[PDB]
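A quick note on method: Cβ atoms are made from the backbone with ideal geometry, for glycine too, and the neighbour counts reach across all protein chains shown. Read the figures in this text as sums done on the coordinates, not as results from a lab.
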Amino acid sequence: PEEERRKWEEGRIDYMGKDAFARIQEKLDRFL
Amino acid sequence: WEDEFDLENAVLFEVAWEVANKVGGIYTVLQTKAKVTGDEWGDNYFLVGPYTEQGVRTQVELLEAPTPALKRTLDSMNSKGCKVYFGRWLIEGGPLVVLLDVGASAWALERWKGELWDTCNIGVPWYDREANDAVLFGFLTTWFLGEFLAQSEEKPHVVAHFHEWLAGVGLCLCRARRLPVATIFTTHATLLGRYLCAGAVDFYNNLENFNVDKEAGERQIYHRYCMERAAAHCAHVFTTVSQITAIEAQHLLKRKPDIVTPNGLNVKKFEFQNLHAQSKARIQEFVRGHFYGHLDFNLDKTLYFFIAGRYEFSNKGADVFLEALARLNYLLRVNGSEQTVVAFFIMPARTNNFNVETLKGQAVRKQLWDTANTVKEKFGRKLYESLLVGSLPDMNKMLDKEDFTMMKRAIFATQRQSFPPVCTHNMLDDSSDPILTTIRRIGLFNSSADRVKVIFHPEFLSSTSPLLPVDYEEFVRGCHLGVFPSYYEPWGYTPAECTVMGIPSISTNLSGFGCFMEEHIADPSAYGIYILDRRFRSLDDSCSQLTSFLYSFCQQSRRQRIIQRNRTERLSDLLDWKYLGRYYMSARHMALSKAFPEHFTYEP
């Protein structure tokens, strides 16, 4: 499931899409 | 503070990309804070940073590490594919620095990026060299901290203080490996703030109506914003250099800072009226040279205002200063006030060389001065001889024909038809310059009718400049007022230098220094600090208020001006690191309390 990490490269990121910062905060808070 | 706190085995690492690498204003912050941090942490104070050939070659004295755990850490990391340097930073305090070569560890970057995906959900593009260097630096710092904790025979308490987003990915990694480390994050400027304020869409008015992800995607800096937000979220303690940047961080980074840690200075008595008198005399000489053939105004009633710093027209508020200068010129002309105001714009730009009129004026002033000294010296010699003989001198005969000839040469030198130039240099872009465009639009051409003269010096003041061979220090010591009506200024180092030097200044409540002085002083204007209300006023109202400030300063007498300057010289005790280091102390204490609640307790 590394497809989103491919999008993270080259600045082809959907800011409000699947790679939103809510999931980033969720994954950060889980391992905190 | 003189708090009783336990730091017997605690070690502090201050991670910053600017350690021995001058690429910003944080370099001076770390350099000046190193002394007061050392005077509290002893040899347990380290400064992680990046390896640069120039920085090491001019500033870092490489040493041998003083603790066996430190040798073991350095040796393991050097034999495990990296190159780490240990040295002493040649500043006050001589703090020990752990420099890391980010390039020499680039071979793992791809794999390291995978790690950044597996713990933080943060991705970085290949073309962002700055962000990739930040990722390498953060991974190197996290590995260094982990190895230092591993090699310690007795495990100490580590306080890692990361500065800015460049060093914050290390904080994100430290929090993602359960390292026993108390992490502090300090932001000296929010990342999206510069871009949003540069948009001129009422950045401060719409702080609660921004789509941070959308704006980052528009600017293609989404990865940088994400990593700074992750650093702010993960930190045990989040601090900021100002209350205005604290609001910016609350609305953009979505976290309210725990403490505000203002930047300080190593005030050293850099009195203040001998230096002011000498510098004012040299500024008067420069103004005499520049305006030769047009010195129709009283120089004893001339007030020297100045603005300095990076050449950012909107951010530094130079347009507001120019509009207020035009309004003040009208106010001085209508009211018939014989006061003159010379406004200096010390803002470096892209210039070819010195203007011909300006060099000619300086040469003319030098020639007049030499002529006056020669005639004065021989007149004094003849006068002394006549007095010794016992006769009242006849002034119709004490000037020989040589004196008349050389004075006539001086008079012919001073003849001039054109007006003094606004700019002292030749601007490569006369049309593209905002300052010159605004000056020619508002009508400040240094004419005789104008009560406000404008001198734009687009170069750093140095003692090697043929025009004005005095540095920034000594030049601005002789000015009456500094006007810094900035719009986006997270702390503001030019107003702080101005206040430490004893000069009254005009700042705003949208700058960190302005907020600091506003909250620390009952009546700031009494002490020489004038704070514009740029946060709750339209730009026209800001210009009107600045005009009122400038006119009130002009209407002051010499007595009131001297009293106000004395109060400003008093003010400099607030800006030292002796007082302002207690905020960093408090931040470190909360970090220790949060990370190690069993061993450390904090009372706010």
* Asked: What's log10 of I(q)/I(0) for the protein assembly as shown at q = 0.09, 0.10 Å⁻¹, Debye sum over Cα points only, no solvent?
  -> -0.83, -0.97
* Asked: What list of ³J(HN,Hα) values in whole Hz, one per residue of the range A:4-14 in order, does the Karplus curve 6.51 cos²θ - 1.76 cosθ + 1.60 (θ = phi - 60°) give from phi, with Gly and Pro shown as x?
  -> 5, 5, 5, 5, 4, 6, 6, x, 9, 8, 7
* **Per residue Cα convex hull volume in Å³ - calculated over the range B:1-40** => 79
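So what are the range B:1-75's ellipsoid semi-axes, whole angstrom, largest first, if each one is the square root of 5 times an eigenvalue of the alpha-carbon gyration tensor? Working shown, then result.
Numbers: eigenvalues 105, 71, 17 Å².
Semi-axes (√(5λ), whole Å): 23, 19, 9.
Counting other C-beta atoms within 10 Å, and keeping those with at most 10, which DSSP coil GluC sites (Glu not before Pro) do you find in the range B:104-189? Show your work: numbers first, answer last.
Values: sites: B:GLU110, B:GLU115, B:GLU130, B:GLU147, B:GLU153, B:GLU154, B:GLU164; in loops: B:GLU153, B:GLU154.
Listed in order of number, the matching sites are B:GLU153, B:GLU154.
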* **Partners for B:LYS33 among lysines (Cα-Cα distance below 17 Å; same-chain residues under 8 apart left out)** => B:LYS22, B:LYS268, B:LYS578
* Amide H to amide H under 5 Å from B:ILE506: which residues, 5+ apart in sequence or cross-chain, H placed 1.01 Å off N in plane? -> B:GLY482, B:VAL483, B:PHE484, B:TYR530
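Of all beta bridges DSSP finds with both residues in the protein assembly as shown, what is the antiparallel percent, to the nearest 5? Mind showing how you got there, number by number?
Numbers: 10 of 58 bridges.
Looking only at bridges with both residues in the protein assembly as shown, the antiparallel portion is about 15 percent.
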* Which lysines have a Cα lying under 23 Å from the Cα of B:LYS382, excluding residues fewer than 8 positions away in the same chain? -> B:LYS397, B:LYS401, B:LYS408
* **Taking the convex hull of Cα positions in the range B:199-271, its mean projected area over all directions (nm²)** => 7.6
* Which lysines have a Cα less than 20 Å from the Cα of B:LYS113, not counting those fewer than 8 places away in the same chain? -> A:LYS7, A:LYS18, A:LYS27, B:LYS80, B:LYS83
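Within 10 Å of each residue's Cβ, count the other Cβ atoms and sort B:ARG72, B:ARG409 from fewest upward.
Details: B:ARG72 17, B:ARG409 12.
Listed from fewest to most nearby Cβ atoms, that is B:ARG409, B:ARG72.
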* To do: Please grab the % of Cα pairs in the range B:352-396 that end up more than 16 Å from each other.
  => 57
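Over chain B, what is the percentage of antiparallel beta bridges among all DSSP beta bridges, to the nearest 5?
Values: 10 of 58 bridges.
Beta bridges within chain B, antiparallel portion: roughly 15 percent.
Starting from the Kirkwood Rh over alpha-carbon pairs, what translational D in µm² s⁻¹ does chain B have by Stokes-Einstein at 37 °C and 0.692 mPa s?
Values: Rh = 27.1 Å.
The Stokes-Einstein estimate is 121 µm²/s.
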* Asked: Expressed as a whole number of Å, what is the distance separating the alpha-carbon centroids of the range B:581-604 and the range B:84-120?
  -> 26
* For B:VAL97, residues with placed amide H under 5 Å, excluding near neighbours -> B:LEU47, B:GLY87, B:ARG88, B:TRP89
* **Amide proton proximity set for B:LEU265, modelled H, under 5 Å, gap of 5+** => B:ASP576, B:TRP577
* **Residues B:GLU40, B:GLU61 arranged by fewest to most Cβ contacts within 10 Å** => B:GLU61, B:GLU40
* To do: Largest first and to the nearest Å, give the Cα extent of the range B:267-416 along each principal axis.
  => 68, 38, 37
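Stokes-Einstein diffusion coefficient for the range B:454-604 at 4 °C in a medium of 1.567 mPa s, Rh from the Kirkwood formula over Cα pairs: what value in µm²/s?
Details: Rh = 17.6 Å.
Estimated via Stokes-Einstein, D reaches 74 µm²/s.
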* **Among B:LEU109, B:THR547, B:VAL48 the positive-end extreme of the charge dipole of the protein assembly as shown (Cβ point charges)** => B:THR547
* Per residue of A:8-20, what is the mean number of Cβ atoms on other protein chains within 10 angstrom of that residue's Cβ? -> 5
* Asked: Averaged across the residues of A:21-31, what count of C-beta atoms belonging to other chains lies within 10 Å of each residue's C-beta?
  -> 5
* Asked: Fewest first, what order do B:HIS599, B:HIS236 take by the number of other Cβ atoms within 10 Å?
  -> B:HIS599, B:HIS236
* How large is ³J(HN,Hα), in whole Hz, for each residue of the range B:389-398 in order, when computed from phi with the Karplus curve 6.51 cos²θ - 1.76 cosθ + 1.60 and θ = phi - 60°, using x for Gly and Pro? -> 5, x, 10, 6, x, 9, 6, 6, 10, 6
* Structure fact -> About its Cα centre, the protein assembly as shown carries a charge dipole, from +1 on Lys and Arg Cβ atoms and -1 on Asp and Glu Cβ atoms, whose size in debye to the nearest 20 is 1900
